[PDB]
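Using the authors' numbering, the first residue of the sequence shown is number 464, and each one after it goes up by one. Using N, Cα and C, we set each Cβ at its ideal position, and we do this for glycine too.
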Amino acid sequence: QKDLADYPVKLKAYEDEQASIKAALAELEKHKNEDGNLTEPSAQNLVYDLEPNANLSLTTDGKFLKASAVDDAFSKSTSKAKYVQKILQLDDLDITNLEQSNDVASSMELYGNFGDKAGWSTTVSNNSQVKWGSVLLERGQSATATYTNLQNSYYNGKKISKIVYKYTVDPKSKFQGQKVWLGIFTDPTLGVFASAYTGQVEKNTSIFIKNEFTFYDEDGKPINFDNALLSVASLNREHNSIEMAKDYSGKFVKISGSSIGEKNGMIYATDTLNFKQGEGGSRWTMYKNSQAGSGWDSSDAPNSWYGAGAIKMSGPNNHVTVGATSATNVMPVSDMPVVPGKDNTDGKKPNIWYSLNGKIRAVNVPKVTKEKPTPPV
Ligand code: NA
């Protein structure tokens, strides 16, 4: 029991941080209504934002797609142009070329910018290497992803060894067609890419994916969260499209000054668009350009909180539905923001890229890193 010799420094590191966090919250209490601050000051006991080397395993009641089939689909149709430039434009992939019988594989196969495409870039993280498994699902069908051997994730300083996510295609999705391509990245924090895009934009459509997740400790036991913060970011809203989260467990917490809020049980840019500065009330342009504050929509943007919020969750099993839907499916045209020269009725691609991790976008959120050491017996 050399524990009694190490316990002294362990308890101090804990108590130090613990006290350091308490003081930080009391300090944030007067800045909670300032831009980028969580309206409800709170610490993040869930460290979950970096897992580039995690292992991925999938099962599905749908169909696995051969990696070669995914590669061919990328080289054809609407993604062809970008393909020739050595770019994997996921939001342009025509799902049509993944619906043939000869595309189905018996097991999971990874694809991405790494094989003979190590140099290539993708729309998920430019040149950084990225890998994903692919399935073809119909409404109600799903894929269950098991992420193992993580190395940077912790809950209350307790190491997270495994995460099991179940992705289900919401039957109420209105996209035309019966199929959806799901690309699940090996790095659980990158999330997934869901698409029913068959080459043409669609009106009054949507694509919603239900997300059920359980995090496990080093003993393989589900982790019973106690107000952990889940990041709901990149909730884009253009004049004709709204990305939102709904049907979720836990409580929504707003980030002061963010365009994201909660209305009628849905989390999205409730009162303005957030695509282009000056358009539809948007404060900043989502993509990087000449104007200050632009490019807010990235994981590292200092003002990414503009299109983000958070959910305080507890319990061993949690869930949230994320998707993109035509603005018309959410409210009457006469109640929408007006952008001269743009038709709020325009169809959109029924696809989406999203993730659910612990990288809360609010500013100065104190992190819990030290676990409370238990007195040796
Ligand atoms: Na987004």
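As the crow flies, the alpha-carbon of residue 481 is around 17 Å from that of residue 838. Contact annotation: residue 573 and residue 530 have beta-carbon atoms nearer than 8 Å. For residue 600 and residue 532, the gap between their C-alpha atoms comes out near 15 Å. Judged by DSSP in its simplified three-state form, residue 635 adopts coil rather than helix or strand. The region 577-588 makes no contact with the region 627-640, as fewer than three CB pairs between them are under 8 Å. Per DSSP, residue 474 is one residue of the alpha helix (DSSP H) stretching across 466-491.
Per DSSP, residue 597 is one residue of the beta strand (DSSP E) stretching across 594-600. Assigned with DSSP and collapsed to three states, residue 566 falls in helix. A contact is defined here as three or more CB-CB pairs under 8 Å, and the region 487-506 meets this definition with respect to the region 826-835. Exclusion of the five residues before and after residue 668 leaves 637, 638, 789 and 813 as the residues of its chain whose Cβ lies within less than 6 Å of its Cβ.
Residue 815 sits in a strand when the DSSP states are folded into three classes.
The beta-carbon separation of residue 655 and residue 662, rounded to 21 Å, does not stay under the 8 Å limit for a contact.
In this chain, residue 610 is not harboured by any alpha helix (DSSP H); it is covered by the beta strand (DSSP E) spanning 605-611. With the criterion CB distance below 5 Å from any heavy atom of the ligand NA, the matching residues run 697 and 699 along the chain.
Straight-line measurement puts the Cα of residue 780 at about 8 Å from the Cα of residue 685. Going by DSSP, residue 537 is part of the alpha helix (DSSP H) stretching over 530-538. Under DSSP, residue 644 shares a beta bridge with 599 and 658. For residue 510, the three-state secondary structure derived from DSSP is strand. Secondary structure at residue 826: coil, using DSSP grouped into helix, strand and coil. Ranked by Cα distance from residue 721, the first of 581, 484 and 500 is 500. About 6 Å separates the beta carbon of residue 610 from that of residue 519, a gap short enough to meet the 8 Å contact definition.
The C-beta distance from residue 658 to residue 820 rounds to 21 Å, too long to meet the 8 Å contact threshold. In the three-state reduction of the DSSP assignment, residue 750 falls in the coil class. With contacts defined by Cβ atoms closer than 8 Å, residue 557 and residue 660 form a contacting pair. Where residue 732 is concerned, the enclosing beta strand (DSSP E) starts and stops at 729-732. For residue 818, the CB contacts under 7 Å within the same chain, skipping 5 residues up- and downstream, are 652, 653 and 654 in chain order.
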